[PDB]
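The primary structure of each chain is shown beneath.
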Amino acid sequence: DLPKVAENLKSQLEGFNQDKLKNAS
Amino acid sequence: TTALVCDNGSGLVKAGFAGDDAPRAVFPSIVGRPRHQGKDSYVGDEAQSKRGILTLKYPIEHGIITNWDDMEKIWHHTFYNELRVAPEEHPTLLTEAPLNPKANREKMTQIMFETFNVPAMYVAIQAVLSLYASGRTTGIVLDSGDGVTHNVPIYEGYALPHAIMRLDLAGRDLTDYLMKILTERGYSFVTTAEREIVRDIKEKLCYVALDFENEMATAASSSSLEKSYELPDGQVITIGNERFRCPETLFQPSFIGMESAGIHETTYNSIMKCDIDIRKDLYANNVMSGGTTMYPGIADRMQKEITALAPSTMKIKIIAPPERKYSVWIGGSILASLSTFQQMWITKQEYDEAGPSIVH
Ligand SMILES: C/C1=C/C(=O)O[C@@H]2C[C@@H](CC[C@H](C)/C=C\C=C\CC1)O[C@@](O)([C@@H]1CSC(=O)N1)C2
Ligand SMILES: Nc1ncnc2c1ncn2[C@@H]1O[C@H](COP(=O)(O)OP(=O)(O)O)[C@@H](O)[C@H]1O
Ligand SMILES: [Mg+2]
């Protein structure tokens, strides 16, 4: 039931564009 | 609201909010307490400034939290002083060292919920967050920090504990080593205060040699490898082979009197300890992380040592991102910022219902 969550999470990590991340400082 | 991410380093705590490209605060993982007349606590730089009237401690000496009263001080400082927020308002993502005992993970959870009353919380393995930071879920990480260094093979997002390798040798030991040879050459580096001078020398002048022997000979027949550093007392110490001899320890622990395998061997062993059907993936995705992996030439040297150990067919690729010093934190930042991750936050409602073992 929760493997689909993990599964989708793994997808979100592999396609994550590291920018779109607020510039700290 | 926004999630918090706290990388509890053995040497430095990296803290910030999920969604940021870097940790808002990075401070010394130290806690100082009044030494005499038996406030009454100081964390980070402050603890250091006032060392003269405090007794310092290292709650996470080698990556594992060994003192909970002290650790409560770090987290308190992180929250209220560094980040300036009420922990009860933000879910907190905490990182932990590879091979952290269950009881330890449970006490961390107990503290966050009972002591800091956070609404939700999560504990992830540092090495894994680093791999995530590089855009991978499978790979083998080499995390070398201040108090400890680990080899962590990961497949489809899950670390493989049975294949994890640990080396009780990292940046701190590299500094102690350089400090030793320097004191022998006549320059006095003893106090912890003074040690900070050497550490800085380390980070700015040390590098890893592609071939220790070739480099060693060049240093002996030329002066082209010599660099100079001005001490705070005005003296101008210059160094040559100690520039690469210091880091060489990571590949040859015997320089420090340890018979343990070097980092290139521990990486190979960790691979060989894994399912033979995923060794190509590991070999192709050796990601480096940690401040002690910042040495110039360390990637090239690893590529050489590993190709020499692995089979000639095998494709060996070493990944060393520029943000290496903060990969872990950035891993958590990315993770705790995902949408699909929200169903992962162990909540207080869950904790109040099942207990600390809910974390595993
Ligand atoms: C810029 C910086 C980075 C760092 O990595 O700090 C960590 C934390 C530091 C705490 C102890 C000292 C006295 C107090 C304050 C230091 C502040 C900033 C130092 O002890 C290390 O220096 C040790 C000692 S020798 C080494 O290799 N690690 C690593
Ligand atoms: N440019 C650099 N070159 C070599 N070592 C560095 C550099 N920057 C930081 N370090 C070292 O990395 C170590 C701790 O790194 P880190 O991974 O951040 O800590 P944790 O191990 O996470 O506290 C220290 O020993 C520090 O001196
Ligand atoms: Mg670390």
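Residues numbered from 1 in each chain as written, not as in the entry; some residues may be left out. Chains lettered and ligands numbered in written order. Heavy atoms only, no water.

Asks: Lay out the site of ligand 1 in plain terms, naming residues and giving numbers.
Replies: Residue and element names in this part refer to chain B. Neighbouring ligand 1 are 15 residues, the closest being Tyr58, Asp146, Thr175, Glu196 and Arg199. One of the side-chain nitrogen or oxygen atoms of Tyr58 is found 2.7 Å away from an oxygen atom of ligand 1. One nitrogen or oxygen atom from the side chain of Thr175 is found 2.7 Å from an oxygen atom belonging to ligand 1. Burial of ligand 1 by the protein amounts to 82% of the accessible area it has alone, namely 590 Å². Looking at the shell around ligand 1, the elements that each hand over two or more residues are α1 (44-49), α5 (171-184) and α6 (192-205). (Near = heavy atom within 4 Å. Polar contact = N/O pair within 3.5 Å; in protein donor to acceptor, adjacent residues only side chain to side chain. Areas by Shrake-Rupley, 256 points an atom, 1.4 Å probe, with all protein chains shown as cover. Helix = DSSP H or I, 4+ residues; strand = E, 2+ residues; numbered from the N terminus.)

Asks: Tell me what's going on with the sheet that holds strand β5 (residues 42-43) of chain B, and back it up with residues and numbers.
Replies: All names here are of chain B. Taken together, the 3 strands give an open sheet; going across it, the order is β5-β4-β6, and neighbouring strands pair in antiparallel fashion. The open sheet has two free edges, formed respectively by β5 and β6 (54-57), since each of these has just one partner strand. Taken together, the 4 bridges between strand β4 (residues 31-34) and β6 define a ladder with antiparallel strand orientation. Following the sheet pairing, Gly32 is matched in β6 by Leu56. (Pairing = 2+ DSSP bridges.)

Asks: Please provide a residue-by-residue account of the nonpolar core, values included.
Replies: All names here are of chain B. In this structure, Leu178, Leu182, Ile201 and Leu250 are the most contacted members of the largest nonpolar core, which totals 40 residues. When contributions to this core are tallied by element, the ones reaching two or more residues are β9 (139-144), α5, α6, β14 (236-239), α9 (263-272), α10 (279-284) and α11 (298-309). In terms of residue count, the dominant contributor to this core is α5 (6 residues). Taken together, domain 3 (125-170 + 260-321) and domain 4 (171-256) each give at least three residues to this core, which thus spans both. The residues contacting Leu182, other than those within four sequence positions of it, are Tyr187, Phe189, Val198, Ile201 and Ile239. Counting residues in each nonpolar core, the second largest holds 34 residues, with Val5, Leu129, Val141 and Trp329 among its members. (Core = buried A, V, L, I, M, F, W, Y, C linked by side-chain atoms within 4.5 Å. Buried < 20%, exposed > 50% of the residue type's maximum accessible area, 1.4 Å probe, protein only. Domains from an automatic or database assignment. Contact = heavy atoms within 4.5 Å.)

Asks: Mind laying out the side chain of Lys202 of chain B, listing which residues take part and the relevant values?
Replies: All names here are of chain B. Its place among the elements puts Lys202 in helix α6. In this structure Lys202 is buried but unpaired, with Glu203 as the nearest side chain of opposite charge at 5.1 Å. Discounting residues that sit within four places of it in the chain, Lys202 has contacts with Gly171, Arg172, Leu174, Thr175, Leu178, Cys246 and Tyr295. (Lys, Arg positive; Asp, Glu negative; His and termini not counted. Salt bridge = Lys/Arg side-chain N within 4 Å of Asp/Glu carboxyl O.)

Asks: Pulling in residues and values, what's your account of the sheet that holds strand β8 (residues 120-125) of chain B?
Replies: Residues and elements named next belong to chain B. Taken together, 6 strands build an open sheet; the order of strands is β3-β2-β1-β7-β8-β17 and the sheet is mixed. Looking along the sheet, the strands with just one partner apiece sit at the ends: β3 (25-28) and β17 (346-347). Pairing analysis gives 2 bridges linking β8 to β17, with the strands arranged antiparallel. Looking at the pairing, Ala120 lines up with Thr347 of β17. Contacting β7 (92-96), β8 and β17, helix α3 (residues 102-115) crosses the sheet at an angle of about 155 degrees to β8. Sheet strands touched by helix α4 (residues 126-133): β1 (4-8), β7 and β8. Its angle to β8, the strand with the most contacts, is close to 85 degrees. (Axes fitted to C-alpha atoms, helices over the stretch in contact; angles between N-to-C directions.)

Asks: Explain the packing of aromatic side chains to me, using residue names and the numbers behind them.
Replies: Under the counting rule described, the total for this entry stands at 8 aromatic pairs over all chains. A ring pair is formed by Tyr207 of chain B and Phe244 of chain B, whose centres lie 5.6 Å apart and whose planes are at 45 degrees; its orientation type is tilted. Of this pair, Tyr207 of chain B sits in the loop between α6 and α7 (212-221) while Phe244 of chain B sits in helix α8 (residues 242-248), placing them 37 residues apart in sequence. We note that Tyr207 of chain B, like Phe244 of chain B, is buried. An aromatic cluster of three or more residues is present, and its members are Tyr177, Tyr207, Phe212, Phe244 and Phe255 of chain B. A cation sits over an aromatic face here: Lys20 of chain A above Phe16 of chain A, 5.0 Å from the ring centre. Sitting above the plane of the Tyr58 of chain B ring, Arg172 of chain B keeps its charged end 4.5 Å from the centroid. (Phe/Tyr/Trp six-rings, centres within 6.5 Å; stacked < 30°, edge-to-face > 60°. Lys NZ or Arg CZ within 6 Å of the ring centre and 35° of its normal.)

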